[PDB]
Structure formats: structure tokens, C-alpha cells
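Observations on chain architecture
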Amino acid sequence: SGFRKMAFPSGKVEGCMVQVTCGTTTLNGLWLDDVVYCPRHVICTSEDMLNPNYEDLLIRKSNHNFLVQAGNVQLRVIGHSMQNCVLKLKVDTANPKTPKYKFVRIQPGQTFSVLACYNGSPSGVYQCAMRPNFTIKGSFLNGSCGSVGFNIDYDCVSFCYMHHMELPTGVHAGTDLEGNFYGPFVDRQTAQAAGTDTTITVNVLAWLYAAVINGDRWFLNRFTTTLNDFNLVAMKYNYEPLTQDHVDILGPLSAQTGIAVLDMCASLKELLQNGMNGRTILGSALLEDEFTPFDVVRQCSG
Amino acid sequence: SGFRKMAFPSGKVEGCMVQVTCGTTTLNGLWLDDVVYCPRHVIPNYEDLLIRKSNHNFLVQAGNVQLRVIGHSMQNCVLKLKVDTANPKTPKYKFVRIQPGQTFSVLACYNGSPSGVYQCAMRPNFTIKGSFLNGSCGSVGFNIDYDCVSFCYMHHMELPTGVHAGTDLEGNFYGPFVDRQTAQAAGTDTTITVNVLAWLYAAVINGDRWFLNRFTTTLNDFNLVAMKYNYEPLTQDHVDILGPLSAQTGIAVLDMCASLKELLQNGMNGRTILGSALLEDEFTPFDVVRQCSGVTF
Ligand SMILES: O=C(Nc1cnccc1C1CC1)[C@@H]1CCNc2cc(Cl)c(Cl)cc21
Ligand SMILES: [Cl-]
């Protein structure tokens, strides 16, 4: 029993964190085999951030301009290339702590663990989700750039996020490990703003099924709904549309609890209308949307 | 910006998790130097049950390597299995006993394999609101101080309300619990007041000020309100501990107490603080300072 926001054990990722210094800028890098991945904005000045020509700034750099530090050991940069918004620094030593890994691009609603780092030193690990507006509600301070998001399935680390910047509302934007930003964001200090955020409906439903699995049924009702009527109501509460794919994804949880997806959808509709009336669901007074159907199955069953 | 429930990086602890099998029971063990620590319920008269077991009855597995047990002894509710091999991944460590209200990270394990890490608080009723399934026994709670891991908890059991009970690494249970199959219930829980205040300071640091007011209160008047809402009494030590956060934000500790008192009597009124509709009590003043300053390990 119990339901917590749980992160993956960070050990496999800790052994990959290095410090990358270029001029006055110091941030984090991810050392996998003989490559160090980091945000390309490490080559920028604060005077360059508005309209940086990264290709122009990078061509003026040599290997010895990039100082890479793995613990108390300075790694030697022997090559450098840019792939989208990530800088790839070829180093003369392969990381002996390199785990089995993959670079995966995630979709909004997906969750991952973040190993927050400063100066190539890990300071904390937390769980979060890619918001529908492609931002993440993280906890980052200056120097956290290059901190990574990941999932660990079996013994393989799937890297899905690299932190690049904080938007004016305090939310964060970053890229996949191939340098492609999530969302309409650019690594420029130009006025950008996160789009209106929405609630991850399939995740709230997954979390309601987790609550049923842990013995909480107070919110269930005798009603059902069509998928369309649910979407018409839920869009009025800034909830993401629920697709037939989401209904299918919820199938195992529906089978385990005996509550049809559209029946759980009617309970959600009622919860949005009534609120909780001083009650909680899994220790929360708000509808939690940062647990996927996969996270619920993993934590509540194995 | 941002405020998350954040755990310590678990790497130093992951390199210590082993699987311990005794008969039909399999649980987790903590391998430090040449000793494996695990709950003594893996084997009730525990002296009588232990005397009947030999070293080869305990199967200890570190990854795909079987460790050989060369000795065994019991210290309170923890079993100490002397093994032939010292853990090369042994970090700098200490065994510390924590007080209620203190927080720690839990590395949840099944079959000696870490599956997740989460941040917990030792409740005033000595239980933890953890997330554990069968096989999680022997999972450990820890804090990191620079490069030193301070082990503070070992999981032993789940109480009927779904909350968890365990010991420090010397086998002393937190709370009035015993490691036997009998009727055990967690006492009435209370809210960790100093932690709620620390979390209100974290909210101010992140730009949430709606709950602030011009008022202040005495420590006695606040403690009369704290008792009414099942909140732990706030001591002068708690006020002192909150000093740095009071200096940083410009809001005196008793000034924040009047904010808390008004939140307890009036509620949030449809509003949230740090994305929460409830007053959060599982961040200590130190956790707030560490997360709102970026300390590394
Ligand atoms: O955002 C940034 N850092 C950061 C990350 N996460 C959290 C807080 C921070 C610092 C605000 C405290 C950095 C530096 C500041 N400006 C900036 C601008 C651009 Cl275009 C890019 Cl790509 C990176 C940055
Ligand atoms: Cl995905």
C-alpha cells in the first residue's frame, strides 16, 4: 500500500554527470562512452543570448576552449560538433560508468525523473511530467542547465530530456538528447512564453484507478458517459481531450479494478463539478496528473 | 524556480543493495564493508529461531554474484550477516537515528534491485507514509551530508492503515511497534508545524505571497491554535531553526505563524500554495534552504 511520486534510482545517471566550462559559463554535461552532451548555449555570452548564431560562435572555438571536469579529473576534448541545440564534445576517455542507454523523445503527459545538478555534481532527484504545453514544472536554479530527465526500464537508461532554460513563469524548457526542443521554444533570450497549460486527463484517470486499487472509492458514481460528452465537459475545466488511444491504454487498469474507462470518466466529470468536499484521494486535495497509466501499473502492482 | 519533493541522489545506496533469502522468505539487505544488514524477521523467539540457522542457510545475492555468509548475529530487530567479501562500493557512512519531523530518502527495493526513490518524513506517530509492496522489507532510508550517507531507516512492515513501520540501522524500531504478527495500530497523527512553516517560506521565496498578512502572534497563542488543529507544538528551537528563512524573506517566524493560523481557521479559499491545496509538512527548514540554494553531493 501507499502511493508516492516516485523517481527512478539515479545512480546510473550520477556516474554520467560532468561539469562543462566554456569561458565564463559553467553548466552540466552528460558523459556517455567518449561523448559529452550539453546545451549548446554554453558557447554563448549573456551579450549573445538575444540572437546568437551558434554556427558562427562554434566555428571560432577550439577543443581546448571547452574545459570538461569529471569529478576531480579534467577530461581532454578531442572534437566538437553541434546537433540541433546540443553540443557534442568528443573526449579522449570513454566513461567507464556508462550504463546501457537509449535517447528517447517523449510525448506530453509522459513522466520522467530529473537528476538536478550544479557544477557536474548531482544534488537531487525528483519526478515530473512533460506538460501538454511542452514545459516541465521543475525545480531548477542557475547552473542546472544540462541536468537530465530519464526513465529506467529494466537496466537501460532512456534519456529523454536535457534542461536548457527557465521561462518567465518559473517553468522550464529543454530538448531531447538529440537537441530538438520540446515545444515552440528556442535557445534565445527573446520573449517566449509557455502556452496555456492543461491537465493531463489520462494521467488523472490512471491516478483515480491507483486510488481504487489502494481502497479509495468515495468518488465513484453510478453514471457512465460517452467519450464525446466527457471531452465536452473536461475541455471546460482545461483538461486535455481524452482520445480512444487513452481509453485503450487504460484497459488493463479498468480490467483490474472492474470499473470501465467511461465509468471512471463519469467519476472524473463529477469530481470536476463538485470538488472534493474536504476529502482527499491518495493524500491529495487536487486531482494529480503526473502519474501515467504505466507508472500506476509499475508502482501498484510491480 | 520550482519546488519539488526531492530525494537525495540514490547512487551511493544502490551500490549497497543485496537480496537476502532464508528459507521461503526473500527481502533486501544493506551491504556495508563485510556485513549485510537486514530485518531479523527474514528468519517469535528470535534467539531460538536464529540458533537453529547456520551460515549457509542465508543466501545473499549481490547482483549476479552469490556472497558467502561466514557469521551471523542479531542486534535488536536487525540481523547482521558477516560475509567473506567487503563491498567495494561501500560509501562513507554513519548510522543515525532521526527524530519525528525529520525527512529522508527511501530507496525502495525488491529482490535486492532498487526500483524507485522517494522523499519521506518520519511522522510524529513514528510511521512513514511510504510506498511499499511485498518484498520491499530491508529497503532503506537515508540522508546525504556532503559525501557521507547517513542511514536512518530500514523498512520492516506495513500497518493496517497502509502506513509503514521500521527501525534505525541499529535495529531499534521507530514508534511502539514490534516485528511480530499481532494487533498493531499507528497512533493519531499530527502535522509537523515547523515543516509547514518552512514550506510557507519556500512558497514566499518562489513568489507566492497571497497568504501573508500584517499580523503577528505570540508563541503561546499560536500553540493554542496548533493544538486545536492537530498540529505539533512549535518550540523556541523551531523558531530559531527558521531564523535564516525569516531573515531571507523578511517575514518573522511568528509573523508567518499568524499566516498559518489564518490558513487553519479560514482555509485556502480555492487557492493553492506551491501547487498544493493542502498545507505540506514533509520539507524541513534544511530541505527548503538546500533546494532554494542548490547544495550538491
Ligand atoms: O535560464 C537559464 N538558467 C536557468 C535554468 N533553470 C532555472 C533557472 C535558471 C536561471 C534564471 C535563474 C539560463 C541563464 C539565464 N537565461 C537563459 C536564457 C536562455 Cl535563451 C537560455 Cl537557453 C538559458 C538561460
Ligand atoms: Cl512518450
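As a numbering rule, every chain is indexed from 1 in the order its sequence is written, which need not reproduce the entry's residue numbers; residues that lack coordinates are not presented. Labels follow written order: the first chain is A, the first ligand is 1, and so on. As a rule here, side-chain values cover all heavy atoms of the structure and leave hydrogens and water aside.

**As for the sheet that holds strand β5 (residues 73-75) of chain A**
Residues and elements named next belong to chain A. Our working rule: A pair of strands counts as paired when DSSP detects no fewer than two bridges linking them. Each helix is a run of DSSP H or I of at least 4 residues and each strand a run of E of at least 2, with the numbering of both proceeding from the N terminus. For every element, the axis is a line fit to its C-alpha atoms; helices are fit only across the contacting stretch, and the angle between N-to-C directions ranges from 0 to 180 degrees.
What the seven strands build is an open sheet, ordered β5-β4-β1-β2-β3-β7-β6; its pairing is antiparallel. Both edges of this open sheet fall to β5 and β6 (77-83), since each of them pairs with a single strand only. Pairwise comparison of adjacent strand axes, ignoring direction, gives a mean angle of 30° for this sheet.

**A short note on unusual backbone geometry**
Residues and elements named next belong to chain B. Worth spelling out the cut-off: Relative accessible area decides the class of each residue, using a 1.4 Å probe on protein chains only: under 20% of the type maximum gives buried, over 50% gives exposed, and in between gives partly exposed.
Despite not being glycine, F126 shows a phi value in the positive range, around 65°. Residue placement: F126 occurs in the loop between β10 (113-121) and β11 (140-145). Assessed through its relative accessible area of 28%, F126 is described here as partly exposed. Located in the positive-phi region is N230, a residue other than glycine, with phi close to 60°. Tracing the chain through its elements places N230 in the loop between α4 (219-228) and α5 (236-241). The exposure class of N230 is partly exposed, given its relative accessible area of 37%.

**As for the environment of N119(A)**
Residues and elements named next belong to chain A. This is how it is decided: Contact criterion: two residues are considered in contact whenever any of their non-hydrogen atoms come within 4.5 Å of each other. Contacts described as polar in this section are N or O atom pairs within 3.5 Å, which, within protein, must combine one atom able to donate a hydrogen with one able to accept it, while residues neighboring in sequence count only if both atoms come from side chains.
Within the fold, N119 resides in the loop between β9 (111-118) and β10 (121-129). Taking the C-alpha atoms as reference, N119 lies 9.0 Å from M17; in sequence the two are 102 residues apart. Among all residues touching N119, those that are not within four sequence positions of it are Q19, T26, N28 and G143. Polar contacts involving the side chain of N119 include one to the side chain of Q19, which spans 3.3 Å.

**With respect to the interface of chain A and chain B**
Worth spelling out the cut-off: Buried surface area refers to the total accessible area, computed with a probe of radius 1.4 Å, that the two partners give up upon joining, counted for both partners together. Just to be clear on terms, a salt bridge is a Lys or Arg side-chain nitrogen sitting within 4 Å of an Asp or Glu carboxyl oxygen. Charged residues are taken to be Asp, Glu, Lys and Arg, nonpolar residues to be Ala, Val, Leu, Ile, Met, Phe, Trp, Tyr, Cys and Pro, and polar residues to be all remaining types, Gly included.
The partner chain B presents 42 residues to the 41 residues of chain A that form the contact. It is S1(A), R4(A) and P9(A) that lose the most area in chain A upon contact with chain B, and together they represent 25% of the buried surface on that side. For the pair chain A and chain B, the interface holds two salt bridges. Notably, a salt bridge pairs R4(A) with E282(B), separated by 2.7 Å at the nearest N-O pair. Our count for the contact surface shared by chain A and chain B stands at 22 residue pairs in polar contact. When residues of the side of chain A that touches chain B are traced back to their parent elements, those giving at least two are α1 (11-14), β9, β10 and α8 (293-300) of chain A. Broken down by element, the residue count for the side of chain A that touches chain B peaks at eight residues, all from β10(A). Grouping the constituent residues of the side of chain A that touches chain B by class yields 16 nonpolar, 17 polar and eight charged.

**A word on the site of ligand 1**
Residues and elements named next belong to chain A. Worth spelling out the cut-off: To be near a molecule or strand, a residue needs just one of its heavy atoms within 4 Å of it. Accessibility throughout is a Shrake-Rupley quantity obtained with a 1.4 Å probe, and a residue counts as covered only by protein chains that appear here.
Around ligand 1, the structure places 15 residues, and the nearest of them are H41, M49, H163, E166 and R188. Separating a nitrogen atom of ligand 1 from a side-chain N or O atom of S144 is a distance of 3.5 Å. Take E166: an N or O atom from its main chain is 3.2 Å from an oxygen atom of ligand 1. Burial of ligand 1 by the surrounding chains reaches 77%, relative to a free accessible area of 520 Å². At four residues, the largest contribution of residues to the shell around ligand 1 is made by strand β12 (residues 156-166). A breakdown of the residues in the shell around ligand 1 according to their chemical character gives five nonpolar, seven polar and three charged.

**Some details on the packing of helix α3 (residues 201-213) of chain A against α8(A)**
Residue and element names in this part refer to chain A. For clarity, the cut-off: For this classification, under 35 degrees means roughly parallel, over 145 means roughly antiparallel, 65 to 115 means roughly perpendicular, and everything else is oblique. Crossings are classed by handedness, with left-handed meaning an anticlockwise turn of the near helix from the far one by less than a right angle and right-handed meaning a clockwise turn.
Contact geometry of α3 with α8 gives a least axis separation of 8 Å together with a crossing angle of 20°. Relative to α8, the element α3 lies roughly parallel. The two elements α3 and α8 meet at a crossing, and its hand is right-handed. Every residue of α8 that contacts α3 at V202, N203, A206, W207, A210 and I213 is listed here: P293, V296 and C300. For the contact of α3 with α8, the class distribution of residues is eight nonpolar, one polar and no charged.

**Looking at empty space enclosed by the protein**
For clarity, the cut-off: A pocket here means an open set of points on a 1 Å grid, computed over the protein atoms alone, that has protein on both sides within 12 Å along at least five of seven lines. A cavity is instead a set of points where a 1.4 Å probe fits but cannot get out; residues with an atom within 4 Å of a point line either one. Grid points are joined across faces, edges and corners, and a volume is the space filled by probe spheres set on the points.
Looking at the largest cavity, its volume works out to about 210 Å³. If you trace the largest cavity, you find 17 residues lining it, with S123(A), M6(B), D287(B), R290(B) and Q291(B) closest to the centre. Secondary-structure elements contributing two or more residues to the lining of the largest cavity are β9 and β10 of chain A together with α8 (285-291) of chain B. A total of three residues in the lining of the largest cavity trace back to one element, the largest contributor, which is α8(B). Residues of the lining of the largest cavity, tallied by class, amount to seven nonpolar, six polar and four charged.

**What about the domain arrangement of chain A?**
Put simply, the rule reads: Note that the domain bounds reflect an automated or database-derived domain assignment.
By domain assignment, chain A separates into domain 1 (1-14 + 100-197), domain 2 (15-99) and domain 3 (198-301). Computed over C-alpha atoms only, the centres of domain 2 of chain A and domain 3 of chain A are separated by 43 Å.

**Quick word on the packing of aromatic side chains**
Residue and element names in this part refer to chain A. Under the convention used in this document: In this analysis, rings of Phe, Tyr and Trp, with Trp reduced to its six-membered ring, are considered paired at centre separations within 6.5 Å, and the interplanar angle assigns stacked below 30 degrees, edge-to-face beyond 60, and tilted for intermediate values.
Here the structure, examined in full by the defined rule, presents 19 aromatic pairs over all chains. Measuring from centroid to centroid gives 5.5 Å for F112 and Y161, while their planes differ by 35°, and the two rings are tilted. Here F112 is found in strand β9, whereas its partner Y161 is found in strand β12, with 49 residues between them in sequence. Centre to centre, the rings of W218 and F219 are 5.6 Å apart; their planes meet at 80°, and the pair counts as edge-to-face. For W218, a relative accessible area of 26% puts it in the partly exposed group. Following the ring pairs from residue to residue traces out a cluster consisting of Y37, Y101, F103 and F159.

**Comments concerning the environment of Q83(A)**
Residue and element names in this part refer to chain A. With respect to the helices, strands and loops of the structure, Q83 is situated in strand β6. Considering only alpha carbons, one finds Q83 and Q107, 24 residues apart in sequence, at a separation of 20 Å. Excluding residues that lie within four positions of it along the chain, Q83 makes contacts with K88, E178 and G179. Within the local environment of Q83, its side chain forms a polar contact with the side chain of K88, the two groups lying 3.1 Å apart.

**Observations regarding the sheet that holds strand β7 (residues 78-83) of chain B**
Residue and element names in this part refer to chain B. Ordered by their spatial adjacency, seven strands build an open sheet running β5-β4-β1-β2-β3-β7-β6, and the pairing between neighbours is antiparallel. In this open sheet, the two edge strands, each paired with only one partner strand, are β5 (65-67) and β6 (69-75). With direction set aside, neighbouring strand axes in the sheet form an average angle of 30°. Pairing of strand β4 (residues 58-62) with β5, which is carried by three bridges, proceeds in the antiparallel orientation. Its bridge partner lying in β5, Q61 is registered against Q66.

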